[PDB]
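Chains as they are written, first to last, in the entry's author numbering: chain W, 6 to 80; chain M, 1 to 136; chain V, 2 to 93; chain Z, 2 to 57; chain O, 2 to 117. Take a look at the structure below.
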Amino acid sequence: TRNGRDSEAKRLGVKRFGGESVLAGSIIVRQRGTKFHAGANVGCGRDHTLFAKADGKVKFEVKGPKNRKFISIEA
Amino acid sequence: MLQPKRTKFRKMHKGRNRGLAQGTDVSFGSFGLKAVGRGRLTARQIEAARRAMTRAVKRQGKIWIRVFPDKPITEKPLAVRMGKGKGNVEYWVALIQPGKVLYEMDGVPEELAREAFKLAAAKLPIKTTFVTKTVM
Amino acid sequence: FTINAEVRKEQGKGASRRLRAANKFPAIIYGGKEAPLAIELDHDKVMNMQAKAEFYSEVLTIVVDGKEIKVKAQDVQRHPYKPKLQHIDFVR
Amino acid sequence: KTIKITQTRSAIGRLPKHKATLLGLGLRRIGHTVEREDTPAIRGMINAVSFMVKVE
Amino acid sequence: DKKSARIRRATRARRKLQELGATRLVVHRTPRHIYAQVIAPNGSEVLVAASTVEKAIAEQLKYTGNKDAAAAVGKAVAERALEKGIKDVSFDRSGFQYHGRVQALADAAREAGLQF
RNA sequence: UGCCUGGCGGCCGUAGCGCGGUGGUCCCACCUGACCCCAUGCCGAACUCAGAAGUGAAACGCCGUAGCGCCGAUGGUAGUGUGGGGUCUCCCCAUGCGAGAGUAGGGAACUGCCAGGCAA
RNA sequence: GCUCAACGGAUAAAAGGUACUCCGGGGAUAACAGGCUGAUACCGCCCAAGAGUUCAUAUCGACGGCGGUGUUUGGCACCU
RNA sequence: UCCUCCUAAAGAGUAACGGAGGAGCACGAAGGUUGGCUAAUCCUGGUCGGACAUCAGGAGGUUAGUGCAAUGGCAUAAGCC
RNA sequence: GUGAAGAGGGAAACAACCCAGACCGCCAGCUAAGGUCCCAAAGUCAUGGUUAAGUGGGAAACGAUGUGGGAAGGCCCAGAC
Ligand SMILES: [Mg+2]
Ligand SMILES: [Mg+2]
Ligand SMILES: [Mg+2]
Ligand SMILES: [Mg+2]
Ligand SMILES: [Mg+2]
Ligand SMILES: [Mg+2]
Ligand SMILES: [Mg+2]
Ligand SMILES: [Mg+2]
Ligand SMILES: [Mg+2]
Ligand SMILES: [Mg+2]
Ligand SMILES: [Mg+2]
Ligand SMILES: [Mg+2]
Ligand SMILES: [Mg+2]
Ligand SMILES: [Mg+2]
Ligand SMILES: [Mg+2]
Ligand SMILES: [Mg+2]
Ligand SMILES: [Mg+2]
Ligand SMILES: [Mg+2]
Ligand SMILES: [Mg+2]
Ligand SMILES: [Mg+2]
Ligand SMILES: [Mg+2]
Ligand SMILES: [Mg+2]
Ligand SMILES: [Mg+2]
Ligand SMILES: [Mg+2]
Ligand SMILES: [Mg+2]
Ligand SMILES: [Mg+2]
Ligand SMILES: [Mg+2]
Ligand SMILES: [Mg+2]
Ligand SMILES: [Mg+2]
Ligand SMILES: [Mg+2]
Ligand SMILES: [Mg+2]
Ligand SMILES: [Mg+2]
Ligand SMILES: [Mg+2]
Ligand SMILES: [Mg+2]
Ligand SMILES: [Mg+2]
Ligand SMILES: [Mg+2]
Ligand SMILES: [Mg+2]
Ligand SMILES: [Mg+2]
Ligand SMILES: [Mg+2]
Ligand SMILES: [Mg+2]
Ligand SMILES: [Mg+2]
Ligand SMILES: [Mg+2]
Ligand SMILES: [Mg+2]
Ligand SMILES: [Mg+2]
Ligand SMILES: [Mg+2]
Ligand SMILES: [Mg+2]
Ligand SMILES: [Mg+2]
Ligand SMILES: [Mg+2]
Ligand SMILES: [Mg+2]
Ligand SMILES: [Mg+2]
Ligand SMILES: [Mg+2]
Ligand SMILES: [Mg+2]
Ligand SMILES: [Mg+2]
Ligand SMILES: [Mg+2]
Ligand SMILES: [Mg+2]
Ligand SMILES: [Mg+2]
Ligand SMILES: [Mg+2]
Ligand SMILES: [Mg+2]
Ligand SMILES: [Mg+2]
Ligand SMILES: [Mg+2]
Ligand SMILES: [Mg+2]
Ligand SMILES: [Mg+2]
Ligand SMILES: [Mg+2]
Ligand SMILES: [Mg+2]
Ligand SMILES: [Mg+2]
Ligand SMILES: [Mg+2]
Ligand SMILES: [Mg+2]
Ligand SMILES: [Mg+2]
Ligand SMILES: [Mg+2]
Ligand SMILES: [Mg+2]
Ligand SMILES: [Mg+2]
Ligand SMILES: [Mg+2]
Ligand SMILES: [Mg+2]
Ligand SMILES: [Mg+2]
Ligand SMILES: [Mg+2]
Ligand SMILES: [Mg+2]
Ligand SMILES: [Mg+2]
Ligand SMILES: [Mg+2]
Ligand SMILES: [Mg+2]
Ligand SMILES: [Mg+2]
Ligand SMILES: [Mg+2]
Ligand SMILES: [Mg+2]
Ligand SMILES: [Mg+2]
């Protein structure tokens with residue numbers, strides 16, 4: 006054979022889903038590109054990881070012109 | 001012999017030939033050969049069945065081929081153990097679900113169409129039937 | 002060109018199969034400001050009716066509960082390989 | 002408002018969910034006429050394992 | 002089209018400033034007239050608004066489209082803003098380069114008392 | 001109160017395109033010049049400033065049109081959770097869920113907060 | 001300051017032969033034979049373009065199709 | 001050994017001597033931030049100049065670009081100054 | 001899921017297939033899968049049909065006035081086949 010190589014899987018996805026109460030700092034979505042975007046009280050790190058900026062429930066939204074998926078937190 | 005003129009990938013997965021066909025309505029020609037049975041037609045069988053029709057109906061009339069292979073079948077050489085790579089591509093097959101119009105025919109009598117389509121139907125592995133272009 | 006047909010009560014996958022395996026097949030009438038009407042009818046009539054070219058052009062009067070509804074056959078579902086009808090859509 | 006349920010088949014070659022549902026109904030062995038208060042839940046539980054229970 | 006090019010030029014500031022949750026002071030410049038409005042942190046309702054189009058300010062000055070006229074709006078916004086109870090704000094320049102009329106509006110807005 | 005404009009949103013194509021009209025009283029647009037503030041890696045084209053002779057051409061706003069895009073039932077079909085069954089590569093039955101495409105049709109948006117002008 | 005890249009790195013430092021062999025084990029793993037399978041092989045059959053002075057099916061049969069057998073070449077590694 | 005896609009059965013994970021590709025760096029501007037900008041590819045006209053260099057307008061609109069394979073992502077631009 | 005690590009009844013015999021989880025005893029009864037003419041426990045049971053091959057009790061392409069149901073379509077008293 007010529008091939009037979011593969012990388013280790015990165016464990017990327019929605020960790021905390023909509024409605025789950027999360028602590029200030031908790032990672033909501035690990036992903037590569039901004040598939041979801043950072044809404045209210047949610048950050049976006051160098052790795053495009055969407056993390057909670059404040060304590061509260063996670064809320065997925067579909068808004069804007071592009072119609073894009075945003076992630077917000079509400080106390 | 002029919003074959004895709006360049007593909008994305010050389011070797012495709014096996015898959016499962018399931019469900020019903022899509023190309024069921026007689027679109028182009030007047031008559032047509034529908035596949036009752038389920039199966040998969042090689043590139044050789046299609047060419048062998050086409051020649052049987054084209055020679056039966058002579059220079060006159062017009063024939064379509066609705067099916068095309070675009071699935072390369074791998075075959076492992078004789079006296080070779082398991083593993084040590086996926087086998088080399090030998091022949092190309094079109095997967096045929098039930099209700100698939102294989103060939104269509106136009107510009108001939110309804111008698112000679114059936115007698116020509118029988119000769120083609122005899123070449124193919126799949127069990128087939130004659131169908132006419134019903135208007136809607 | 003006078004089809005006769007009962008009204009459907011059970012509708013879905015399970016009912017439609019039990020129906021279709023009893024020499025009948027489901028169909029539907031719709032058009033205008035009124036609501037649609039689900040319509041069970043016999044197979045062996047409408048199989049023989051479609052042979053004529055007028056069927057998919059001229060107006061048909063479907064008899065339902067006494068009332069004769071004037072319609073035209075808009076769309077139709079053939080059974081994949083066996084020569085038989087599965088469903089008809091009647092536009093008003 | 003109660004309903005008498007009866008287990009009419011074995012809980013051996015069955016799914017862990019179906020083994021659990023019987024533990025949630027309270028059915029221990031085949032031929033056990035347990036009675037439970039009727040709600041939308043218990044009917045869901047009966048509908049989940051309808052093949053191996055019978056209602057009175 | 003210039004308008005649409007100027008809208009996308011501003012959008013970053015707007016979208017960044019709405020995230021922070023700050024009371025923004027929008028300023029729309031025009032060849033004739035200059036506008037200004039303090040908008041609430043939700044982004045919908047207006048708290049204070051003033052311009053050269055208003056006859057209260059237009060009646061005093063000579064022309065309604067220059068530095069000295071923009072200053073007069075710049076005072077008129079900030080003077081009202083303090084009466085309503087606003088003080089800590091941000092300045093949405095709105096795709097207009099911070100140099101002339103808008104700068105004269107901003108400096109007049111600072112010098113009046115409004116804190117930014 | 002309605003009729004119109006300007007800024008800022010919500011809502012993101014039933015809200016967008018093309019085609020047919022229409023507005024300059026104020027507003028907005030081009031427009032009128034360039035000691036200056038500033039500007040072009042050449043150019044007041046752009047950005048900028050100082051203006052009021054002109055026009056509604058372009059751009060923009062509004063009204064009308066189905067040529068498209070877009071939305072979209074009901075019914076059926078495919079798929080499938082669970083217990084069965086067969087002629088078992090593939091299907092079928094009971095029961096629960098139920099698409100996509102296509103069809104009738106709907107369809108040139110819909111609203112909020114301040115500001116200005118006109119009929120009051 | 002390490003292609004410690006055999007990349008969780010045995011040493012700072014290491015290649016071969018044995019038919020002269022030997023011990024411990026394995027049917028956890030090959031060679032014979034058996035088994036399961038039947039791509040291949042052998043044996044049938046289906047359609048009929050042509051050959052046969054004319055005339056497909058006396059004898060043949062292209063391009064293709066479907067079976068049987070376990071006589072071949074194999075695959076698997078289930079017994080030893 | 002490390003990265004990317006499928007296989008992987010709509011969270012994650014998931015094998016085979018299964019199917020395809022890459023990496024063992026690069027950069028004091030290719031980082032920061034501020035302030036700007038908009039592409040491909042054609043059409044027509046134009047000196048040498050021609051299909052294509054540079055210019056003008058029109059068409060398309062992200063087919064572009066992203067220091068490097070593939071994936072996901074970007075006009076608020078993460079694109080180019 | 002089952003065996004491994006689970007006996008018992010059935011599938012002739014048959015770890016994994018179908019039924020069902022053995023604490024011990026009894027010369028009690030009711031049922032599961034599967035069965036009911038004899039080997040061998042229990043219906044030569046009842047109603048209306050089908051098969052004529054020992055099919056049931058291995059198999060394909062393809063072949064044929066085999067034989068049952070249907071739903072249609074070609075002609076008559078000017079008398080067709
Ligand atoms: Mg090799
Ligand atoms: Mg490996
Ligand atoms: Mg892996
Ligand atoms: Mg991966
Ligand atoms: Mg992956
Ligand atoms: Mg940071
Ligand atoms: Mg697959
Ligand atoms: Mg398919
Ligand atoms: Mg050898
Ligand atoms: Mg349903
Ligand atoms: Mg079902
Ligand atoms: Mg267990
Ligand atoms: Mg301008
Ligand atoms: Mg356009
Ligand atoms: Mg100018
Ligand atoms: Mg105009
Ligand atoms: Mg408009
Ligand atoms: Mg009007
Ligand atoms: Mg309107
Ligand atoms: Mg739709
Ligand atoms: Mg739909
Ligand atoms: Mg539906
Ligand atoms: Mg199941
Ligand atoms: Mg099943
Ligand atoms: Mg049964
Ligand atoms: Mg049988
Ligand atoms: Mg099975
Ligand atoms: Mg379709
Ligand atoms: Mg309308
Ligand atoms: Mg519209
Ligand atoms: Mg319009
Ligand atoms: Mg050293
Ligand atoms: Mg080494
Ligand atoms: Mg090692
Ligand atoms: Mg070493
Ligand atoms: Mg290692
Ligand atoms: Mg080691
Ligand atoms: Mg070492
Ligand atoms: Mg020896
Ligand atoms: Mg020795
Ligand atoms: Mg010795
Ligand atoms: Mg020894
Ligand atoms: Mg062994
Ligand atoms: Mg081993
Ligand atoms: Mg040998
Ligand atoms: Mg052997
Ligand atoms: Mg065999
Ligand atoms: Mg012969
Ligand atoms: Mg020969
Ligand atoms: Mg030969
Ligand atoms: Mg093994
Ligand atoms: Mg033995
Ligand atoms: Mg490792
Ligand atoms: Mg996956
Ligand atoms: Mg999954
Ligand atoms: Mg996954
Ligand atoms: Mg594993
Ligand atoms: Mg692997
Ligand atoms: Mg490599
Ligand atoms: Mg960069
Ligand atoms: Mg920027
Ligand atoms: Mg690209
Ligand atoms: Mg790329
Ligand atoms: Mg950034
Ligand atoms: Mg950068
Ligand atoms: Mg099961
Ligand atoms: Mg046992
Ligand atoms: Mg047993
Ligand atoms: Mg036994
Ligand atoms: Mg038996
Ligand atoms: Mg049995
Ligand atoms: Mg047996
Ligand atoms: Mg027996
Ligand atoms: Mg026995
Ligand atoms: Mg067995
Ligand atoms: Mg026990
Ligand atoms: Mg009994
Ligand atoms: Mg029984
Ligand atoms: Mg017995
Ligand atoms: Mg007996
Ligand atoms: Mg039988
Ligand atoms: Mg036949
Ligand atoms: Mg017969």
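C-beta: ideal position from N, C-alpha, C; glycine also.
Your pair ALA57(W) and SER31(W) checks out as a contact, with CB atoms roughly 5 angstroms apart and the cut at 8 angstroms. The beta carbon of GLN116(O) sits closer than 8 angstroms to those of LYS88, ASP89, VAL90, all from its chain and outside the five residues before and after it, given in chain order. Beta-bridge partners of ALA79(M) (DSSP): none assigned. Distances between the C-beta of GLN22(M) and the heavy atoms of ligand 28 include at least one below 8 angstroms. Not flagged as an interface residue toward chain M: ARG93(V), since no C-beta distance is shorter than 9 angstroms. Against chain M, the CB of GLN87(V) has no partner CB under 9 angstroms away; the residue lies outside that interface. In this structure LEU20(M) does not touch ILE96(M) by the C-beta definition: roughly 11 angstroms separates them, more than the 8 angstroms allowed. The beta-carbon distance between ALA35(M) and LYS123(M), rounded to whole angstroms, is 13 angstroms. This is too long to meet the 8 angstroms contact definition. For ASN48(Z), the three-state secondary structure derived from DSSP is helix. Annotation for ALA116(M): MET53, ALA56, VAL57 place their beta carbon closer than 6 angstroms to its own, counting only its chain and skipping 5 residues before and after. Between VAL54(O) and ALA82(O) the beta-carbon gap is near 18 angstroms, outside 8 angstroms, which marks them as no contact. For the set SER27(M), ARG16(M), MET1(M), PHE130(M), the Cα lying nearest the Cα of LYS83(V) is the one of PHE130(M). With fewer than 16 neighbouring CB atoms inside 10 Å of its own CB, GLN61(O) falls in the exposed class. Residues of the region 19 to 36 of chain M whose Cβ lies closer than 9 angstroms to any Cβ of chain V, in chain order: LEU20, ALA21, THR24, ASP25, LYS34, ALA35, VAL36. In this structure, DSSP gives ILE76(W) an extended state, which the three-state scheme calls strand.
The closest CA to that of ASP66(V), considering only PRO37(V), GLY33(V), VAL8(V), is found on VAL8(V). Straight across, the Cα-Cα distance linking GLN12(V) with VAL67(W) is about 35 angstroms.
Not one heavy atom of ligand 58 is found less than 8 angstroms from the C-beta of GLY83(M). When the five nearest sequence neighbours on each side are left out, the beta carbons in the same chain lying within less than 7 angstroms of the beta carbon of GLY25(Z) are those of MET46, in order along the chain.
For the 9 angstroms CB-CB criterion, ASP90(V) and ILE4(V) do not form a contact. A direct Cα-to-Cα measurement between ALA22(V) and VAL47(V) gives close to 15 angstroms.
Residue nearest to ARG59(M) within the set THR128(M), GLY107(M), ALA121(M), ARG10(M) is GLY107(M) (criterion: CA-CA distance). Under the three-state reduction of DSSP output, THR54(M) falls in the helix class. The region 92 to 110 of chain O makes contact with the region 5 to 19 of chain O: 3 or more CB pairs, one atom from each, lie closer than 8 angstroms. Per the DSSP secondary-structure output, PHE92(O) pairs in a beta bridge with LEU26(O).
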